[PDB]
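K.L.:
what would the 3D arrangement of this be:
(chains A, B, C, D, E, F, G, H and I)
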Amino acid sequence: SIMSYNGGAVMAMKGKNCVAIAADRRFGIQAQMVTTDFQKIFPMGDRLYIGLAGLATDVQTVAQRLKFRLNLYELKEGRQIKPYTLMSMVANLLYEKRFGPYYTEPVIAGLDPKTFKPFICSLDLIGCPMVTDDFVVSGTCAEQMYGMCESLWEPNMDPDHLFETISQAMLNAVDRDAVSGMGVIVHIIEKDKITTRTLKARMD
Amino acid sequence: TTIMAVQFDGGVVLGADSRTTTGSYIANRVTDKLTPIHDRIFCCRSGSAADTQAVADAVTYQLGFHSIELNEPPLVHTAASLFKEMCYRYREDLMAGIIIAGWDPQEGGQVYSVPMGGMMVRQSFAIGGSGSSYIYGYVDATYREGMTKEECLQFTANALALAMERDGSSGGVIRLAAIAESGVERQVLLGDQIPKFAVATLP
Amino acid sequence: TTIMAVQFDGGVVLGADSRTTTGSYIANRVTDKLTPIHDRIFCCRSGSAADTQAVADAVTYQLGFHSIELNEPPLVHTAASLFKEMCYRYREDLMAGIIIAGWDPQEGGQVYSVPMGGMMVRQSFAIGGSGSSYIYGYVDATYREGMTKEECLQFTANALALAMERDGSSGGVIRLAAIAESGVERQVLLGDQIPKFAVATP
Amino acid sequence: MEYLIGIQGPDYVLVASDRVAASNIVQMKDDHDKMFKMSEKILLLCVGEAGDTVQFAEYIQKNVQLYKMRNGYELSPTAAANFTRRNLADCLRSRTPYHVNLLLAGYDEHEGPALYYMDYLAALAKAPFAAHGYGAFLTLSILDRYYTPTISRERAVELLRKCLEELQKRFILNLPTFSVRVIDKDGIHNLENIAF
Amino acid sequence: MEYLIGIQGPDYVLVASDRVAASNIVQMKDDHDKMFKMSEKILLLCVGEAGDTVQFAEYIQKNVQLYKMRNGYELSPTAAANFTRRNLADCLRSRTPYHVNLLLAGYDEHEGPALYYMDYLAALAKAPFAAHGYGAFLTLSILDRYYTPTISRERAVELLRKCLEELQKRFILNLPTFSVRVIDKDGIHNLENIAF
Amino acid sequence: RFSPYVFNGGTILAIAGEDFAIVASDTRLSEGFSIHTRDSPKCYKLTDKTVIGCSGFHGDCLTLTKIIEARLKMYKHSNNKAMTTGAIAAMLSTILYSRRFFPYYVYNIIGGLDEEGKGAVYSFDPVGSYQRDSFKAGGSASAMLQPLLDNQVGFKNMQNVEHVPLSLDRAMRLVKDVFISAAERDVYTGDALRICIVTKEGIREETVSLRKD
Amino acid sequence: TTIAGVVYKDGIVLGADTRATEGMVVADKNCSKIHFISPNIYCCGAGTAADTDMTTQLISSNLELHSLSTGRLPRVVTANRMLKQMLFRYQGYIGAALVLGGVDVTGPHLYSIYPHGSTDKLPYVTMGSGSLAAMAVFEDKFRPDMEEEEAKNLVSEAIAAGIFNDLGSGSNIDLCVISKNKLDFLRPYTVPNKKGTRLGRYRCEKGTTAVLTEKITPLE
Amino acid sequence: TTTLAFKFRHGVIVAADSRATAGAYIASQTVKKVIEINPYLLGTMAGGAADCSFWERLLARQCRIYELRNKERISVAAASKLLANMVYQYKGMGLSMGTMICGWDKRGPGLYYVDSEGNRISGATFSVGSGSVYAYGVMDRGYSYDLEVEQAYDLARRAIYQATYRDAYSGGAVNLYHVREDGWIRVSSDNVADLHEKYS
Amino acid sequence: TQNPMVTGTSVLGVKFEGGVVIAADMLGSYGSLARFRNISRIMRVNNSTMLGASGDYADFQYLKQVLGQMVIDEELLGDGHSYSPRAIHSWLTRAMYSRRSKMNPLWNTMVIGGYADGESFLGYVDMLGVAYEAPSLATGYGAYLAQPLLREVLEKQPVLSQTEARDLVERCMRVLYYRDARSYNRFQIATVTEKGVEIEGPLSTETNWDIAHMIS
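P.N.:
Residues are numbered from 1 along each chain as shown, chains lettered A, B, ... in the order given. Next up is the structure itself:
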């Protein structure tokens, strides 16, 4: 395939007023790992992280393109971006290049900038909003990150339990995959903190 | 998909079956392949479904604008002419074997055929569609000359009854429309009104 | 290529057109797609040309050897049965939609259809060939019940006249053959004998 | 099927190309030097399709050279790397895919030395050491075994001679000479070519 | 993509293989010696498909070895060459085409030394010098320029070193060592392997 | 021109404890987009101590269970001794390999227990490669059930929870929740898993329903 | 992803199941397929999950620009013709088998839009794969000129018959009832599919993690 | 899969990883990818998980028949040769394998390499597998014939440690074998993570 | 695959307290041409088992002569021992799997049913060998269209009288007359009960085209 080129696997899940987005720090060709540090969780707002997976030139291409149109939007009308509106904007970024699309499925995780009501979203290749109140999953190893993290997620979780469950879901999900893994990264977005952390994984 | 149109005398008598199959599934059991384009001139539609009614309302636009531009009722030869042009110029993208009819005040009964390749001929009776290959023998044998309105009504009725009986991609109710001087007198044939023919048994 | 065969009463009445096209060239303007296989049982032949008469003389061999082995005239169901077997076992190599007829002394008029896939059904009227799609309306509408020999003779005659008039791969003289108790009474229709129908002029 | 290699030191980054210009069956003149001189402190390398290496990366050399000799100062290697990633990435899918994969050695003054890496799809990533071509597949573990994150210059050069003598021993292509350049805080230097 | 070479002298014929056993991207153990020992004075060589060289020519070695140690005397190299041409030529089109191309150095006592040649289609022809592989395409003119029909042994060896140093210089594959055997009227004698 | 395989779906799981082997199942066999039936077991009782699971193309699963059943019977009164479990795994490896060039497109899992009594579970690719495990569901939701009981059974990527051995109550509650999760998330769900469970005294077979859609 | 809609004496009743399955795994278990266009026109959607979204944002925006250009309420014929003509000239590359219905100044009626651009005025329509699972329950128990409550029960039985025997099934049925005076866009009508329950708690507290490097950043 | 083997003055090390992919999803983290055909030889596997398992299984049958039939230990060149005969006469049928046949015999440490195309070569060292050329690099930097036992073990552990670190289709564990004039033994079952914390 | 084979469309069936009823239309459709109208696709075998066919009809004549010859052959051994519809289903399964195993496959896709000694039976045998048992079956597009009406009533009550099942398959057959393109009006309905196999053909469908005149 062409989605299985660089691997990559991001997810996001929420309990209480925190969310949790998580990627796998890995980049390379189908068999080769040319680096370990690779930015997949791109900050857009203060508390609104977009995370991308799939083909790496599309995740940097529409990551920087989305920082372009997003940054110019909050410059044209001064406020932090409402995250539903950013979901609409990546929905009209992946679309309108439908023919020969971008090979990425960006998830969007974060908080309303004034009521702090969390949500998480996922999109497909050509851009379809999947609003979700449970968890979203993107990348090559999709159904593991489903499957298992549908078997773990309980509702209404404080950041240390959500911390722990997205840690276990990422580690045991990407361990059961070839082209993903080798050290993962977890951003917890509270209503006052960004608990950014890495996780020592089965790095093999 | 089977269409008939017979010029009887003065006016014409149309006829169309009613199915819209997606290969092997009737997506629309009840459709009108008869459609008006101005007042007297009706076009039918066969072959594909999406392209041919884009042609039909495109020529409702052009024929209606031309007819209001002349302040006269247009000839059927006008509509069949821009069917020759509109279907000919896009001939590699359209499957539209439409055959049209109507009563112009100048000539009289006119039935034109615009087949799949896209051209224009004038015929006494016309025929076109998927099942419209199973009844060339019956229509070729029964149509005599100069028939009247009631016997072209039942002639188109039982010809389309044969073609809906034998084709699998053609069936349902059949719609007749007799264009004349006093306007269209259309009707449908609902079930028992179809002239059912006996099947030979024991065997 | 258009074949008709109508069971009238007692016996049957066959009928076949006469062209052998190499795509768009009549290689044989005058051929008999009617052919005898024993005495009363005739098979016709449609579709391809080379395979179907290898089938025809193959079953002349098997049916003739079986008929002399029983010392009785064989049924038409016998010949259509080994048409089902001989055409069924070689179904991916043969284009032979033959429809056969004849008068067995036991039953009477029998007309069987062995289409392109290779099977056996019994029909009142049968029909098969290239042009034999243009006359299902006429044959379906005109054939009433229990007709006689002269009106199935002209019925097969003008049905095949319609099919030779409208198909391009079918034309020429048409051959009729009325199998009955007193043997075959075949004839041809030479030109003017074809019931020509008027064309409407636009 | 050529070979590019680089190692990021604490205050330097050294690159080395294979000094072989190939053909259908034979090799042409060896030198043909693949390392394209950027402004003063950036230095990119290009292999891949024979005809897009000399075309694309020289065009990047034109634009960055125009930036320096248009607005005084030069680019940091971050902006040059993201510049050529943008230009290859938007010349990728449109009409003529430039099938080149780049290394970009460089350093800014007030930050560390950087060795950027990209495939032929223009997906960019930093790396303490990167490789290219088919020769990348066997030599990269020797830069896994011995590369400390802090390494002296001559240790990195003799490590690079370990990598090239392994590449001389197992890899089936005749790559006898290699062009080596260490770049560091005094400008682009050039180490003596490694031959066999 | 390997390399076989031979030169017919007035009373000898010398062959040399490339001493490289290749793979997808890498090379395996060098030695793997391609020259298969026939009875006493015949010596054939085989390249081509990796898996028919060790299979077909060893089967020919079985049949000719059986002929010698069945009926006393050995084959002349003419009958061995036409034998393996028959066996490859009738194993060609049937079910499994043996994709090998052979040299067959040899000599009979009461006739001259002969160096037979065949493609993978088993079309046989005598030759005063023959070659194989992709390396045949550049080295064969040096055996056109310098090969007299009568040449001494050491002149032919240093000529063969001219051919191998050219093959070392231009041909893109790493072929560093070559196995050389001179066969002549005292039996199969092998010269020291050429290296670089 | 013919495409002699379809994917009739189905996901089957087996867990090897210390005196048991929970061979789970599902029910719904289905191809294209229409389901056929909701009765069909996929765990087959081979011997009293060996249960197969069998998922993939259903007709070839069926013929494969006929072959391994009839050759188990062909063994049993050719040596006057029943099969073991590893010998079932071996001969099913050579049955799956023996027709390689037109292969048995079937993912089958053999549960059961060993000679000494401890449970084992053998996993297979459709051409035959057996490894004994203590988990590894297979066949449609293979990549869905696997990371949960990589964690809740194998305890991998997990610090000092002071992990206990499994039993017929913890692993019993570990099979129903993963199939209601895969009932939510897979399309080839199953509506009623029929857990053929094996023990030392014999065999029983619990059934409980799922998300029926 | 079955979809249906039935006209009745006051109005229309649309309806869809709520599940979007990319590949052979559900990506999202609760999504609206009954899209707004207008206060009197709701469409539906099947085929490509994004193309229906974008085509009904475009025809929704362009249509209510049209309606506030006219001033009156927008008719449902012009939604049919804008979806027909705009969906036709992309040659069927947009896969959007959507139906749309509306109560209008003429009368309550609905259309179906096949992805190549063929429109059908019908009393009852079904797009998606679940068409086949929800057309037969419009052929045994559908009656013309029927009252609202058993039409709501009819469409719920149709979509519920697309739940139980199709692999493009949904979690729960939502259906809109568009009448002359009131619109009733009700999200989920029935939920025939509960989650079930879990058994046994799982996690410790501040354990079961291999933390390599924390980093804390305040915001306010 | 990334196997590895090298001979020296004390027998030969055969090491391998323990993962078994299915294209991109991976099946097992613990696969016995070294076949013990007798307590004097070994045999590895490098792809086509039923092909290689069946043909070293069948090689174990044929070599045991040789043990019974000619009452001697089988020479390693015989086992590699007959393997190359049978998988040669299935050439072109989509068969894909590759292996070491190591093991001490009455002449040498052995270490032949037999694959699907039928190469059947001797060797001093090899490493066949999916990535595996990484292993070549690091092994051929620290290899010498004059090694003792312990840094040969560390040469294999570091060798396919880096070859499982850089490659994607490898990893899991590492088993290691050191056969000499008593038969094979086992010296390891370590995984990749404990080697990573062991060697930083 | 190579030619326009002569097909059917659907043999749909349901079991009931009593026996099992299966129904199919008589149609010999030669690829969008109803070439053969009066053509029975319901085979009778020994008095407690029935058999249909949906796909190629020529292969169904092959199967009616091998099923017919097999059941008369083991029928004339005397000693009781007729085939339970276990064995016709299993033999037909192994015949088709052993037929596609040599890549020369039978193309028809039938359902066989019958009332055994204790209870009824309704089994599906596919073109590929996908064989199973079900409370109610349908083949071809009936498996898309008749199958929802069958597994709606049988999810409510899994117990049917003979008139409820007979009207049920008459109504489903009317639905396949409405929607399936390769479907013909008259059809054989055919029921096996405690008293045996009986075939009531041919029937008709009371069509309801009353929604046609609301189209403009």
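K.L.:
use CA for all of it now, contacts and neighbours both
P.N.:
Fine.
K.L.:
show me where chain I has its helices.
P.N.:
Ranges of helices within chain I are I:57-75, I:85-100, I:142-156, I:162-179, based on DSSP state H.
K.L.:
CSV for these, including distance to residue A:197?
P.N.:
Conversion of the helices of chain I to CSV gives the following (distance: least, CA to CA, whole Å):
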stretch, distance to residue A:197
helix I:57-75, 67
helix I:85-100, 56
helix I:142-156, 52
helix I:162-179, 59
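K.L.:
got a markdown table for those helices, with distance to chain D and mean neighbour count too?
P.N.:
Conversion of those to a markdown table gives the following (distance: least, CA to the nearest CA, whole Å; neighbours: other CA atoms under 10 Å in any protein chain shown):
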| stretch | distance to chain D | mean neighbour count |
| --- | --- | --- |
| helix I:57-75 | 52 | 17 |
| helix I:85-100 | 45 | 19 |
| helix I:142-156 | 43 | 21 |
| helix I:162-179 | 46 | 21 |
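K.L.:
which of those sits closest to residue B:117?
P.N.:
Closest approach to residue B:117 among those is made by helix I:162-179 (30.6 Å; CA to CA).
K.L.:
chain center to the closest one: distance?
P.N.:
With CA atoms, centre = their mean, to the nearest Å as the basis, helix I:162-179 stands 13 Å off its chain's centre.
K.L.:
and the contacts of it?
P.N.:
For helix I:162-179, contacts defined as CA atoms under 8 Å, 6 or more residues apart in numbering or on different chains pick out B:25-27, B:29, G:136, G:139-140, I:12-18, I:21-24, I:142, I:145-146, I:149-150, I:183-185, I:189, I:205-207.
K.L.:
go on, stretch F:174-193?
P.N.:
A:146-147, A:150-151, F:9-11, F:24-30, F:38, F:140-141, F:144-145, F:148, F:207-213, G:24-26, G:167-168, G:195-199.
K.L.:
go through these and flag which are in helices.
P.N.:
A:150, A:151, F:144, F:145, F:148.
K.L.:
quick one: residues contacting the last one.
P.N.:
By that I understand residue F:148. Neighbouring residues of residue F:148 by CA under 8 Å, 6+ apart: A:147, A:148, A:151, A:172, F:178.
K.L.:
which one of the residues you listed is nearest to residue E:185?
P.N.:
Looking across these and measuring by CA to CA, the closest to residue E:185 is residue A:172, at 72.8 Å.
K.L.:
for that closest one, which three-state class applies?
P.N.:
Using DSSP: H, G, I helix; E, B strand; the rest coil, the structure places residue A:172 in helix.
K.L.:
show the contacting residues for the closest residue to it other than its chain neighbours.
P.N.:
Nearest non-adjacent residue to residue A:172, counting by CA to CA, 6 or more residues apart in numbering or on different chains: residue F:147, 5.7 Å away. Counting by CA under 8 Å, 6+ apart, residue F:147 touches A:144, A:147, A:148, A:172, A:173, A:176.
K.L.:
quickly note the distance from the first one to residue G:168.
P.N.:
Right, the one you point to is residue A:144. Residue A:144 is 21 Å from residue G:168, where distance means CA to CA, to the nearest Å.
K.L.:
more neighbours: the two, which one.
P.N.:
Neighbour count, other CA atoms under 10 Å in any protein chain shown: between residue A:144 and residue G:168, residue A:144 has more, with 28 against 24.
K.L.:
confirm that that one sits in a strand.
P.N.:
No. Using three-state DSSP, the secondary structure at residue A:144 is helix, not a strand.
K.L.:
all strands for chain A, in order.
P.N.:
Assigned by DSSP state E, chain A shows strands spanning A:9-14, A:19-24, A:41-43, A:48-51, A:107-111, A:118-122, A:130-132, A:135-139, A:184-189, A:194-199.
K.L.:
before we move on, what about chain D?
P.N.:
D:4-8, D:12-18, D:36-37, D:43-48, D:100-107, D:113-118, D:124-126, D:129-131, D:178-184, D:187-188.
K.L.:
for chain C, which of the ones you listed is the nearest?
P.N.:
Closest approach to chain C among the strands of chain D (CA to the nearest CA): strand D:43-48, 51.4 Å.
K.L.:
count the neighbours of the residue nearest to residue G:82 when sequence neighbours are not counted for me.
P.N.:
Distances taken as CA to CA, 6+ apart put residue G:59 closest to residue G:82, at 7.0 Å, once the chain neighbours are dropped. Neighbour count of residue G:59, defined by other CA under 10 Å: 20.
K.L.:
next: residue I:196.
P.N.:
16.
K.L.:
correct me, but residue D:140 touches residue H:135?
P.N.:
No. Using CA atoms under 8 Å, residue D:140 is not in contact with residue H:135; the gap is 9.9 Å.
K.L.:
export the contacts of residue F:148 to a markdown table and tack on distance to residue H:88?
P.N.:
Formatted as a markdown table, the contacts of residue F:148 follow (distance: CA to CA, whole Å):
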| residue | distance to residue H:88 |
| --- | --- |
| A:147 | 44 |
| A:148 | 45 |
| A:151 | 49 |
| A:172 | 42 |
| F:178 | 46 |
